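In what follows, a single structure is set out as structure tokens and then discussed.
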Amino acid sequence: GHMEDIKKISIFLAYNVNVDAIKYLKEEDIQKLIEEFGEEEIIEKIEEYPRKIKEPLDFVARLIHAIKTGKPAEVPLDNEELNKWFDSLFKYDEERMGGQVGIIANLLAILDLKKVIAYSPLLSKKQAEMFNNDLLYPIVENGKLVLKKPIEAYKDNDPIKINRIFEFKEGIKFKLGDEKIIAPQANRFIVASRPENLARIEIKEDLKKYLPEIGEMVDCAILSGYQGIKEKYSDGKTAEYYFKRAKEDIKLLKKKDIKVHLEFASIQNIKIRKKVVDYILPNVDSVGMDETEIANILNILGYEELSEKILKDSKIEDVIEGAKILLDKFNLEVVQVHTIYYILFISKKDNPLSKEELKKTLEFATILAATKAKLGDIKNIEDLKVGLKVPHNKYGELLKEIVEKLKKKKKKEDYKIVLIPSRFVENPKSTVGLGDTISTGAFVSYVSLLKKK
Ligand SMILES: Nc1ncnc2c1ncn2[C@@H]1O[C@H](COP(=O)(O)O)[C@@H](O)[C@H]1O
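According to the entry's author numbering, the residues represented by the sequence shown are -1 to 451, in order.
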């Protein structure tokens, strides 16, 4: 319980919240779709490969197409006027809080943090009910900034962003025409739209003036959702407009002294990914990422040779070298890299924390990650004891010894490098958003130990 000095942490979170409505597909389900829509019409439609869903058949064909590959896919609805028709035709099994803000803010509430301020542009009644009741939502009433609970700041008439997810296990089998189909791998087919018509990824004009005020009452922030920003919008606005104003929010928050953290998401649009590199990464204090994304960042900065060595081979010496480049280039205090086997932490030599403390930050991150992996969602702090029963990966212990040897050889260590093995869960319940869980655990723990000093 001593580690839980974190409960003394207050934190601000923006920008992405949504509702996840999940269907857990079984063979019978796909069978009913085949019967109700027909085999030839689906087969013909799969050849068509619609890029957006306009008629119910589009969804049937793209869902089956994806199931054939075992690879992930996202197709938006053609128009938000089809939402309620879609939800009555293809009903969900369960509804849930989605989005990096909504998921992590709810977890930080369950971890009893001092103050957790979460912000999203849309706050419909159904959405606001998904929040943990301890969360605070910023509001400007009567020329003053007021933190109120979400079930008391919601607005009727507000739309609701919903991600429709269809989960299919490995090996789900069904016939289509003569083609017998087997799921090569477990994957999820997602029906969802990036915001344009209904909302945008930004702090509204009214709240902007109060960002520095939010900066005073908060020890740290975690910002996310930049993968939802579009290159061009119909109203003539562009990614640059929103990325510029996203840069402004970080700068307004940092008039006062806070740490800002970013978890580097897997943005498949390279032009929007390059925007995150240019507008967000240089202005932030902490970053977390996997092996794939550091190579993707190194490739944007021009280290093409290094990027492929990490991608092809994954040697820890190369990941450490790539993390050192990120640390020195961008005004960062720390860089975090996570893989199924290890978590790596690097900070300049003048970091107020000791190598001993940095390892404690990491230890707590592996426990929290292992709790969620074995239990699915975390619902209580008691659950962290389940993660403590998960032992360290044996190959990571080997990498720890390797890093220790590396450090002894070099003449000057102007850096603090700490690696611990992960608490791998072999037959995990869930794997989604595990990266945000680990990265948040280490960052919050890191902010704690800084605050004690
Ligand atoms: N079975 C598992 N047990 C513990 N952690 C896992 C497991 N599978 C995946 N992870 C973590 O999930 C992360 C994936 O993060 P990302 O794909 O960036 O969201 C990896 O870096 C691992 O640390």
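Beta carbons are placed, not taken as given, at the ideal position from N, Cα and C, and that holds for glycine.
Just the C-alpha distance for residue i and residue j, rounded to the nearest angstrom, thanks.
| i | j | result |
| --- | --- | --- |
| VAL258 | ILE415 | 21 angstroms |
| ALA64 | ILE227 | 25 angstroms |
| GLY439 | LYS353 | 17 angstroms |
| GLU424 | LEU120 | 38 angstroms |
| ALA12 | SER222 | 6 angstroms |
| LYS372 | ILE115 | 28 angstroms |
| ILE323 | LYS253 | 27 angstroms |
| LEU325 | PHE88 | 47 angstroms |
| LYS6 | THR359 | 15 angstroms |
| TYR117 | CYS218 | 14 angstroms |
| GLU25 | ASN185 | 14 angstroms |
| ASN16 | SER284 | 25 angstroms |
| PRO350 | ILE163 | 44 angstroms |
| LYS124 | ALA19 | 12 angstroms |
| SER443 | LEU260 | 15 angstroms |
| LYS159 | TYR90 | 15 angstroms |
| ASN378 | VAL384 | 11 angstroms |
| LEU111 | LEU133 | 10 angstroms |
| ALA368 | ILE101 | 16 angstroms |
| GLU319 | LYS370 | 30 angstroms |
| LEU23 | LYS167 | 8 angstroms |
| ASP176 | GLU303 | 47 angstroms |
Below 8 angstroms, is the gap between the Cβ of residue i and the nearest heavy atom of ligand 1?
| i | result |
| --- | --- |
| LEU432 | yes |
| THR438 | no |
| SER284 | no |
| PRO389 | no |
| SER264 | yes |
| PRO70 | no |
| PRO426 | yes |
| residue 477 | Outside the displayed range of the chain (-1 to 451) lies residue 477, so it cannot be described from this structure. |
| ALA367 | yes |
| residue 521 | The chain is shown from -1 up to 451; residue 521 falls before or after that span and cannot be answered. |
| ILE137 | no |
| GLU168 | no |
| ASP288 | yes |
| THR359 | no |
| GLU395 | no |
| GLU291 | yes |
| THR429 | yes |
| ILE341 | yes |
| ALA219 | no |
Ordered along the chain, which non-local residues of its own chain (more than five positions away) have a Cβ less than 6 angstroms from that of residue i?
| i | result |
| --- | --- |
| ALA293 | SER305, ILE308, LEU309 |
| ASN104 | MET95, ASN130 |
| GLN225 | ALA263, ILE265 |
| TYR231 | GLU194 |
| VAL282 | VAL258, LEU260 |
For residue i, which residues from the same chain have a beta carbon less than 7 angstroms from its beta carbon, with the 5 sequence-adjacent residues on both sides left out?
| i | result |
| --- | --- |
| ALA321 | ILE292, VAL333, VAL335, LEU342, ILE344 |
| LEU31 | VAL58 |
| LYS347 | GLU411, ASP412, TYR413, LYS414 |
| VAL275 | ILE295, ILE298 |
| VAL445 | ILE7, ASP217, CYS218, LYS257 |
| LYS357 | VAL416, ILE418 |
| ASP154 | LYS123 |
| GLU72 | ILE188, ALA190 |
Residue i: beta carbon under 8 angstroms from a heavy atom of ligand 3?
| i | result |
| --- | --- |
| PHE422 | In the structure on display, ligand 3 does not appear, and the ligands it does have are ligand 1. |
Sort the options by Cα distance to residue i and report the nearest one.
| i | options | result |
| --- | --- | --- |
| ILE180 | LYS451, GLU229, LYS69 | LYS69 |
| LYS235 | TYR413, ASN195, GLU246 | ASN195 |
| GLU165 | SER428, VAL445, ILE436 | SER428 |
| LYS43 | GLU303, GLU238, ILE62 | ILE62 |
| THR337 | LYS347, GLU289, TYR301 | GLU289 |
| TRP83 | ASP110, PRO54, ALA107 | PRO54 |
| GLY300 | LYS272, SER284, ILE318, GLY286 | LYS272 |
| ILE314 | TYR444, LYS123, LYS403 | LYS403 |
| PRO210 | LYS245, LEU251, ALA363 | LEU251 |
| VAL99 | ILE365, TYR135, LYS357, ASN81 | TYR135 |
| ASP375 | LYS405, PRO389, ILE400, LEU432 | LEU432 |
| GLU127 | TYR152, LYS178, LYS142 | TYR152 |
| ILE270 | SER312, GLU229, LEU448 | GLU229 |
| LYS147 | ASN161, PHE172, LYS113 | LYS113 |
| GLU200 | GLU238, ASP85, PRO182 | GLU238 |
| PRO280 | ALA107, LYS173, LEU330 | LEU330 |
So, for residue i: in the same chain, excluding its five sequence neighbours on each side, which residues have a beta-carbon less than 8 angstroms away from its beta-carbon?
| i | result |
| --- | --- |
| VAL138 | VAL144, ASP204, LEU205, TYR208 |
| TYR339 | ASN391, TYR393, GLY394, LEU397, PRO419, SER420, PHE422 |
| residue 504 | Because the chain is modelled from -1 through 451, residue 504 falls outside the range shown and cannot be assessed. |
| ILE278 | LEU221, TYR224, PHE241, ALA244, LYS245, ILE248, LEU260 |
| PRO389 | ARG421 |
I'd like the ranges of any alpha helix (DSSP H) spanning at least 4 consecutive residues and lying wholly in the segment 65 to 146. Taking only runs of at least 4 residues, the alpha helix (DSSP H) segments lying wholly in the segment 65 to 146 are 81 to 87, 98 to 108, 123 to 126.
Return the chain-ordered ranges of every alpha helix (DSSP H) run that is complete within the segment 237 to 323 and spans a minimum of 4 residues. If only complete runs of 4 or more residues are kept, the segment 237 to 323 shows the alpha helix (DSSP H) at 237 to 251, 268 to 273, 289 to 298, 302 to 311, in order along the chain.
Ignoring anything shorter than 3 residues, give me the beta strand (DSSP E) runs that lie fully in the segment 173 to 236, in order along the chain. Qualifying beta strand (DSSP E) stretches, in chain order: 177 to 180, 185 to 189, 218 to 221.
Beta strand (DSSP E) segments (min. 3 residues) lying fully within the segment 393 to 425: Every beta strand (DSSP E) stretch that sits fully inside the segment 393 to 425 and reaches 3 residues is listed by chain position as 413 to 419.
In chain order, each beta strand (DSSP E) run of at least 3 residues that lies wholly inside the segment 328 to 361: DSSP runs (the beta strand (DSSP E)) wholly in the segment 328 to 361: 332 to 336, 340 to 346.
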